[PDB]
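Shown next, in structure tokens, is the structure this report addresses.
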Amino acid sequence: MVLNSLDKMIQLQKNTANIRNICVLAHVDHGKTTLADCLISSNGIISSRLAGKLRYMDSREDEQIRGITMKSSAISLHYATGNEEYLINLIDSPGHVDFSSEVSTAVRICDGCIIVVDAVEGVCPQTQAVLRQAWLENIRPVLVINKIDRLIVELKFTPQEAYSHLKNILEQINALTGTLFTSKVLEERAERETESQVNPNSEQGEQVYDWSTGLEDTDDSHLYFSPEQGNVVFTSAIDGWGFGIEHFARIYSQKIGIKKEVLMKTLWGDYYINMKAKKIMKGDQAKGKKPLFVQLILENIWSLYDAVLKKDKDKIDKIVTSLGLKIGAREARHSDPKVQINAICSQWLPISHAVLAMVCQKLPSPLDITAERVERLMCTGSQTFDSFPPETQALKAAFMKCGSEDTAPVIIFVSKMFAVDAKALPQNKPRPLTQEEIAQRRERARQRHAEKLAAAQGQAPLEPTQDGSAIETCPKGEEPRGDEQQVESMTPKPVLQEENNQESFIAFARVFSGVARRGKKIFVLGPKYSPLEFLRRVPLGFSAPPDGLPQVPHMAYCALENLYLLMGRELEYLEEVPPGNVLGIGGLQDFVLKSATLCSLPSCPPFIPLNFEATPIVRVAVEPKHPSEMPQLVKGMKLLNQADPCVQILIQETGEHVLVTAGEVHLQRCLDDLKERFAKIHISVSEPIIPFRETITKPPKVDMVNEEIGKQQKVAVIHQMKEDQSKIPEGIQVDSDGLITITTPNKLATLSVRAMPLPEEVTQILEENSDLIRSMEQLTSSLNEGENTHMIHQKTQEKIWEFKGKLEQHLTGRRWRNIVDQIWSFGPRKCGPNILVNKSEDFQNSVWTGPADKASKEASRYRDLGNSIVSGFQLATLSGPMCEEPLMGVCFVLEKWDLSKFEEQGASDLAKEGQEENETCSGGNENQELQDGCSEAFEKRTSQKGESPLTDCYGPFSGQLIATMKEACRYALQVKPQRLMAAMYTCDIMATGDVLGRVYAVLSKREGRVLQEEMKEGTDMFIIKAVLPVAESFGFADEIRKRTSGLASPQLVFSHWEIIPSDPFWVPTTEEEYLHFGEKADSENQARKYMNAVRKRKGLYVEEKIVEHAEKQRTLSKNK
Amino acid sequence: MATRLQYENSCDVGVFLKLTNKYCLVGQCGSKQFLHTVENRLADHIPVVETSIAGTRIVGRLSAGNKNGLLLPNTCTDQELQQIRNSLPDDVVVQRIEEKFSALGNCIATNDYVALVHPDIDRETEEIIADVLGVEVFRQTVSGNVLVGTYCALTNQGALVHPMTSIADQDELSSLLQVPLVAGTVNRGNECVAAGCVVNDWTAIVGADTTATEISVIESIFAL
Amino acid sequence: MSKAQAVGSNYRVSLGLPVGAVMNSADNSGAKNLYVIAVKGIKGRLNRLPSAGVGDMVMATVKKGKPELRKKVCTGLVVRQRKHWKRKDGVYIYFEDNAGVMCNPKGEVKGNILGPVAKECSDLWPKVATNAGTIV
Amino acid sequence: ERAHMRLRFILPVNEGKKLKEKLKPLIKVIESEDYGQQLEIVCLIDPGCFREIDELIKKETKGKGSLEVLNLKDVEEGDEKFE
């Protein structure tokens, strides 16, 4: 139909081949919106024209105003061929820029896809970048080459050139295909079009007769060329057009006897014609002699276009006289045609019948790709896999297989949902009944608002206006409606007055479960849903009710009877659900989580632990503008979290709260969102650019360090530290980086440290975060002492007992399989591209016994201290070497450690510590009374007085030890030269060579360097692979792209952090040094731009709070 | 189809300009180009008067009616009236309303078969108005306001009203009028919708300040 | 403010409603009064007040009204004058009544206007005309 | 606003108990462990800027402790977790 009622719609959905949500990915807006709207208009859904015409591509009004597509939203797309009926349920994905958490998220929600590429701007890089991630997810991307309307008609180039242009585009697409899918069929096709008709001479003897030659046996395909199942089509629509190869073929078929299947082969490629009886062949060529499009078909489209604007009419008629394109009358009454152009086009042009059909029939039922995608997202178990038929439940099995029996609680999938509200501008209020205003409203318009119940309400009085012309005549209408005249567009009160109410949150989602019944129950259990988690590792979860045999906190069983399809606006029922269509939670946004997906059965697959943050971890200081608005601000972040994915409002590494994104360009975009809507929040921002990291590539030759490159002349990496300036505690003839060993509690915790360069490959490997504490320890996932610990060992060379270490071990041999039951943290949060390893000897219960580690062999019986080391390392790593932001590419190795003293007098530093503890100070049973303090060792497993001789927990308590650790490492690495590891990416820009020189000039000003400038023979593009820092681009790629689209298309792709010779440090010390002159470093610099005040995103402290007991060398009695 | 027109570089095309099912009136503004354009648009269709109504630039908000009768207040001179009569066809009744108690157009929205009145206009006056057109008159405000024809772009094919209109009134307005009322605005959320766009059944005029979506929405409303 | 409306300074004139004088609101803003600080446009001379017209856009303040409006600077448009004036027509208009109407610098007037508005003002200001209760 | 810290003490055996009897409901007192032989440890809760009020009572009752621990008014030496 044209409206499509609710009941009908549901029925259609229930029928097979009526899903696969396509995205429409391209630039931010190149005419993408325009392309969309025309198609929508053409399709028969919610009043035809009211659905289309600048309504649905950018979901929100704000977005539209901006020209910045951000959010996703679902609509209905219904076409009527005649007998058949297709359905997409179109998710309008944003098509946003590179390094984005909106686009990627969108792509894996939607079951289908569609690639919009430009024939006058080349293939879109953004689309390509995201698609490559989307090849790891199951989708059905149909190729449609767009904006040939620009080349052929608007700019007006000949159809010979069009063919030439297309080849390049095809080549580009091939490349894209070849990243993670196969790319040989395409090549074959290119070589010889279709399967049948292999010889060009034979086409003379087969096309003079009327036969269906040039077959492909239809065949299933993603974007692979078997001329797209013989239904290949160019999409193009700027004034109501469609075009398509198929359309062209059809036209040809009507002129002369050669059939449509003949022209699927020839019109796709570059074929030519004799024109004796239209004998099409590969031959009859000199230098592109006699192409098919220049003589007929694509000549007449120009004629048509000219005709319709001026309104000659004769010209129009000629075109019509082929079959029936409509002449046009009674819609250009006062001249000035606009809709007229559209109307003539929309009859025989559009390609809704080709593409939708293709989307549908390639998978004969909705049970194929919905069932398949579970291991690609995330299963119920990490290693056991219980989302699959294992762990036997009838419903679970059914909904894995997809389709279900005839009942389902419905497990949704939500990486990204539509705008959170407290009013609902793009959603109606469900005032008529609990739900439904798509057919219900129509009914109301028909019956209630007609005279029979309008009059009763008050049409004769009109809110009692007595003694007037209201009650004089006493009016009652004759079915006052706007139904069945303007395709059911207007009813009495169509758009409701948007009220404030609890049920204002909007969602479309995607369903894993098949058919469901109205009256849908959902379980709200713990903060992660524990039964699901139990099924990771060995299966300890069951099919029994939550909080019975399987344990779980909270426990609650809710009844959700508010779910809808979402046709942009309006509500709809659904108890005939196909597996794959959109069907999200309605008024409620309370009974769901992003850490684990909706719990409905006891055994479910949690599809998403977490979405996507940036690779550099781009942060920003979000602050209250007003102090009284702080609470609002706090609230607002949470709200945003559901709509726009990923922010650090809770669980903090830096500050009270910071906004985070998938990239530098996207950070800015998300700060726009945190002003509009939510809790009416408004922010002030402090961005001293995006933070970089440091590397230690040169220690001294002073105190305990075996492996080093220090001498008595080369002090720094370039020049000396004296010639650079600052950081000169001792002389340059023994290196000015010394004093790396220290003593703290009068020789009860003496230590040295060694910071050497970690191999780049190793760093890269570690940065993928597969050295996880959650894998090795805890009951989150994976076996704790089985087969998974070997994996950890394989990447990071750490063990239960280590005496070789990391740096020595992985050089000679990597990929060992051994158990790991002792850690000293794998970074600042027990994960990241850093590592600590201890090869220290057992002095007396030293360097072992961490948090929850007991082997009972070395360190006597794993006694006393050792946890301190584990703790403080993290603290050290989180802060920079000079108290700013993290440092990477460093291999920490503990050379020696001692817990006991044999001085037996004490110290000033020690005394204070002892006092704090509330215990008498000693290092060998010097005292009686007070055998209890506040140290952790005591708590764990008592003192070490009675167990063994010499007690060395008396005095230095655990907290203080931890503090010392935090201090000491930092100190060691501060005095050393700390080279700037800048976060850079290579910019795969695709432009023309004429303006790339100029483009490159500006790139140079952002501290960029060319690695390779080369020419791509095959495509129309010219390529530079020049590096570009992440911080110095802050809406850089967005400016050049819009300023010049096609002649500057920057594809942003990460690689690794380039290290440059510069040392960021606070305060320039001593200008005498500078006066010698060997560059300016360890001072205010170009490098300190990145490390100026990025410490404070509100921060852990005001600047830096730390206490130490390493001071006073005489009381400690040390030579270090 | 809909065209985005200015007057004195403004968004308002229902103060200087008047447009109904038939008979277009414009006041002799200093700018002639804008006068010409309208004429060009409505060539051998609707005659423009090019006559300053009440001797003044205001026209759309100082006149009511469609094409059965046509309304004018007492402020207008006899001479003024005569010119107007001459300009338009002499089938319609152009007639002066006695006992001025309001500026007509802001208080008289109307269709081919009924009319929406102030209300608060006097009974005799109302009767006169009824007579002049032939159509009925129905006493009802628009929720919040008392000026209708300003906050209700009333024609046969569709009716635009701002979002401040209530649920019940709108429901019963529609019933009364036998045409639905649609919530919406023009000129980036301008409160005065009817000055923003003047509506004839065949072609719809609007200001330059509307967005691409708004215009589309209005087009869909009036069946164009 | 705007300034692009609509049209001119609007022909012959007579000022009178000067600085200091309080005039009625004639509007559905919570204010009852409009005290005139000063009038836009009037460049002036030595100890002459920038006198307001019946259209001449005016800086104002609600001397008494709604205390979300009270105090501050306001703006508006003058709408009737206590003292008479000759017209283009060669005819005198007269109110003992005097009033303005609150508005933004934009040109936009908020809602409706109660009681008779000047024709000249209407001519000048389209928004005023639009929500005019009566125009003389 | 603000956070409290642990100003730690060591009371006598006899008087410590007495102190505990008065100081438990009046103000927050943590890490309390009464003993016959090993004395009594207590930790009176203040931010540093209200250390006169907590000590006054003690002075009145029993005088100064065996040891009186004072920490900085920026951090509590072992990381703050209060308020």
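Chains as they are written, first to last, in the deposited numbering: chain K, 1 to 1120; chain I, 1 to 224; chain E, 1 to 136; chain J, 168 to 250.
Backbone N, C-alpha and C define an ideal beta-carbon position, used for all residues, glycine too.
Query raised in the report: When DSSP builds the beta bridges, which residues end up paired with E:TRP125?
Result: As a working note, residue 125 of chain E is residue 125 in the third sequence. According to DSSP, E:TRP125 bridges with nothing at all.
Report task. Please confirm whether K:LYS799 and K:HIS790 have their CB atoms less than 8 Å apart. Result -> Numbered from 1 along the first sequence, position 799 holds the residue referred to as residue 799 of chain K. Numbered from 1 along the first sequence, position 790 holds the residue referred to as residue 790 of chain K. Here K:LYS799 is not near K:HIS790, since their CB atoms are 8 Å or more apart.
Query raised in the report: Ends of the alpha helix (DSSP H) at K:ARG754?
Result: Your numbering for residue 754 of chain K matches position 754 in the first sequence. For K:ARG754, there is no enclosing alpha helix (DSSP H); the residue is part of the beta strand (DSSP E) that begins and ends at 754 to 757.
Query raised in the report: Taking just the CA atoms, how far does K:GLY1046 sit from K:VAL1010?
Result: By 1-based counting over the first sequence, the position of residue 1010 of chain K is 1010. By 1-based counting over the first sequence, the position of residue 1046 of chain K is 1046. In a straight line, the C-alpha of K:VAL1010 is about 21 Å away from that of K:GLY1046.
Requested in this report: Please name the residue in K:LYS854, K:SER76, K:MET490 and K:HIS334 whose C-alpha comes closest to that of K:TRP801.
Outcome: Taking the first residue of the first sequence as 1, we reach residue 801 of chain K at position 801. Taking only the C-alpha atoms, the option nearest K:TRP801 is K:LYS854.
Query - Test: I:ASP171 CB closer than 8 Å to a CB of chain K - result: Taking the first residue of the second sequence as 1, we reach residue 171 of chain I at position 171. For I:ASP171, the answer is yes, since a Cβ of chain K falls inside 8 Å of its Cβ.
Query raised in the report: In chain order, what residues of the region 29 to 63 of chain I put their CB closer than 9 Å to some CB of chain E?
Result: Listed in sequence order: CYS29, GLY30, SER31, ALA54, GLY55, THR56, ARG57, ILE58, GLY60, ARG61 and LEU62.
Query - Distance between K:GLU191 and K:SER183 (C-alpha atoms, nearest Å) - result: Position 183 of the first sequence, counting from 1, holds the residue named residue 183 of chain K. Position 191 of the first sequence, counting from 1, holds the residue named residue 191 of chain K. Taking the straight line joining both Cα atoms gives about 13 Å.
**Report entry** Residues that E:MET23 bridges to, as DSSP identifies them
**Finding:** Counting from one through the third sequence, the residue named residue 23 of chain E turns up at place 23. Partner(s): E:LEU34.
Query - Cβ-Cβ distance between J:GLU243 and J:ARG173 below 8 Å - result: What you label residue 243 of chain J is simply residue 76 of the fourth sequence in a count that begins at 1. What you label residue 173 of chain J is simply residue 6 of the fourth sequence in a count that begins at 1. Inclusion of J:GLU243 and J:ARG173 in the CB contact set at 8 Å is warranted, their separation being smaller than that value.
**Report entry** Residues that I:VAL182 contacts on chain K, provided the C-beta gap is smaller than 8 Å
**Finding:** Counted from its first residue, the second sequence places residue 182 of chain I at position 182. From the beta-carbon of I:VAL182, the residues of chain K found nearer than 8 Å are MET490, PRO494 and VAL495.
Query raised in the report: Can you tell me the Cα-Cα spacing of K:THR992 and K:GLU161, whole angstroms?
Result: Sequence index remark: in the first sequence, residue 992 of chain K carries index 992 (1-based). Sequence index remark: in the first sequence, residue 161 of chain K carries index 161 (1-based). Cα-Cα distance, rounded: 18 Å.
Query raised in the report: Can you check whether the CB of K:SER908 is closer than 8 Å to the CB of K:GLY955?
Result: Here the question's residue 955 of chain K lines up with position 955 in the first sequence. Here the question's residue 908 of chain K lines up with position 908 in the first sequence. Not a contact, by the Cβ cut-off of 8 Å.
Query raised in the report: For E:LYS43, which of helix, strand or coil comes out of DSSP?
Result: Along the third sequence, read from residue 1 onward, the residue named residue 43 of chain E stands at position 43. In the structure shown, E:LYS43 falls within a coil segment according to DSSP collapsed to helix, strand and coil.
Requested in this report: With a floor of 4 residues, list each alpha helix (DSSP H) that falls wholly inside the region 73 to 126 of chain I, ordered by position along the chain.
Outcome: As far as the region 73 to 126 of chain I is concerned, its whole alpha helix (DSSP H) runs of at least 4 residues are 78 to 87.
Query raised in the report: Does DSSP put J:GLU188 in a helix, a strand or coil?
Result: The residue given as residue 188 of chain J occupies position 21 in the fourth sequence. Looking at J:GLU188 - three-state DSSP - the assignment turns out to be helix.
Requested in this report: Might you give, ordered along the chain, the residues of its own chain that have their beta carbon closer than 7 Å to the beta carbon of K:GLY403, omitting 5 neighbours on each side?
Outcome: In the first sequence, residue 403 of chain K corresponds to position 403, counting from 1. Closer than 7 Å at the Cβ level, and outside the excluded window around K:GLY403, lie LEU367, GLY514, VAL515 and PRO579.
Query raised in the report: Could you give the residue range of the alpha helix (DSSP H) that holds K:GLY230?
Result: Your numbering for residue 230 of chain K matches position 230 in the first sequence. Start and end: 227 to 230.
Query raised in the report: Comparing the CB of K:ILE989 with every heavy atom of the ligand ATP, is any distance shorter than 7 Å?
Result: Among the ligands in the structure shown, none appear at all, so the ligand ATP cannot be discussed.
**Report entry** Alpha-carbon to alpha-carbon, K:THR1044 and K:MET882
**Finding:** Along the first sequence, read from residue 1 onward, the residue named residue 882 of chain K stands at position 882. Along the first sequence, read from residue 1 onward, the residue named residue 1044 of chain K stands at position 1044. Going from the Cα of K:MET882 to the Cα of K:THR1044 covers about 42 Å.
Requested in this report: Could you tell me whether the Cβ of K:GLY178 comes closer than 8 Å to any Cβ of chain J?
Outcome: On the first sequence, position 178 is the one that residue 178 of chain K refers to. Not an interface residue.
**Report entry** chain I contact for K:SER469 (CB, 8 Å cutoff)
**Finding:** For the purposes of this step, residue 469 of chain K is taken as the residue at position 469 of the first sequence. Residue-level contact check: K:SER469 touches chain I, since one or more beta carbons of chain I fall below 8 Å from its beta carbon.
Query raised in the report: Hey, would you say E:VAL7 sits closer than 8 Å to I:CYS11, going by beta carbons?
Result: Within the third sequence, residue 7 of chain E is the residue found at index 7, counting from 1. Within the second sequence, residue 11 of chain I is the residue found at index 11, counting from 1. At a Cβ-Cβ threshold of 8 Å, E:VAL7 and I:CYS11 do not count as neighbours.
Query raised in the report: Does the beta carbon of K:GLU916 sit closer than 8 Å to a beta carbon anywhere in chain J?
Result: As a first step, residue 916 of chain K must be located in the first sequence, where it is residue number 916. Yes, K:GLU916 counts as interfacial toward chain J.
Query raised in the report: Is it the case that the Cβ atoms of K:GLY240 and K:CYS23 are separated by a distance below 8 Å?
Result: In the first sequence, counting from the first residue as 1, residue 240 of chain K sits at position 240. In the first sequence, counting from the first residue as 1, residue 23 of chain K sits at position 23. No, Cβ-Cβ distance for K:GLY240 and K:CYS23 is not below 8 Å.
Report task. Determine the chain E residues that contact I:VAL117 at a beta-carbon separation under 8 Å, and present them in chain order. Result -> Residue 117 of chain I sits at position 117 when you count from the first residue of the second sequence. What I:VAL117 touches in chain E: nothing, since even the nearest Cβ is about 14 Å away.
Requested in this report: Please say whether I:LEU42 and residue 256 of chain I have beta carbons closer to each other than 8 Å?
Outcome: Residue coverage of chain I in this structure runs from 1 to 224, which leaves residue 256 of chain I outside it and unanswerable.
Query raised in the report: Using Cβ-Cβ distances below 8 Å, what residues of the region 215 to 233 of chain J are close to chain K?
Result: Across the region 215 to 233 of chain J, no CB contact with chain K closer than 8 Å is found for any residue.
**Report entry** Contacts of I:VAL148 in chain K (Cβ-Cβ under 9 Å)
**Finding:** On the second sequence, residue 148 of chain I is found 148 positions in, with the first residue counted as 1. Here the premise fails: no neighbours, minimum Cβ distance about 13 Å.
Query raised in the report: Using a C-beta cutoff of 8 Å, does E:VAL136 count as contacting chain I?
Result: Position 136 of the third sequence, counting from 1, holds the residue named residue 136 of chain E. Between E:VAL136 and chain I, the shortest Cβ-Cβ separation is below 8 Å.
Query raised in the report: For the 8 Å Cβ check, are there 3 or more pairs between the region 1068 to 1081 of chain K and the region 992 to 1001 of chain K?
Result: The region 1068 to 1081 of chain K makes no contact with the region 992 to 1001 of chain K, as fewer than three CB pairs between them are under 8 Å.
Report task. Out of K:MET264, K:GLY1035 and K:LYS452, state which residue places its alpha-carbon closest to the alpha-carbon of K:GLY663. Result -> Here residue 663 of chain K corresponds to residue number 663 of the first sequence, with the count starting at 1. Scanning K:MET264, K:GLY1035 and K:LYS452 for the CA closest to the CA of K:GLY663 turns up K:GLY1035.
Query raised in the report: Is the shortest distance between the beta-carbon of K:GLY458 and the beta-carbons of chain I less than 8 Å?
Result: The count along the first sequence starts at 1 and reaches residue 458 of chain K at position 458. Chain I contact via Cβ: present.
Requested in this report: With 8 Å as the threshold, decide whether the Cβ of I:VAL137 is near any Cβ in chain K.
Outcome: Reading the second sequence from its first residue, position 137 is the one you call residue 137 of chain I. Interface residue, yes.
Requested in this report: Closer than 7 Å by C-beta to K:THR1019: which residues in its own chain qualify, once you throw out the five before and the five after it? Chain order, please.
Outcome: Position 1019 of the first sequence holds residue 1019 of chain K. So the qualifying residues of the chain are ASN168, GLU171 and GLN172.
Report task. Flag K:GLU664 as yes if its beta-carbon sits less than 8 Å from any beta-carbon of chain J, otherwise no. Result -> Mapped onto the first sequence, residue 664 of chain K falls at position 664. No, because no Cβ of chain J sits closer than 8 Å to the Cβ of K:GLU664.
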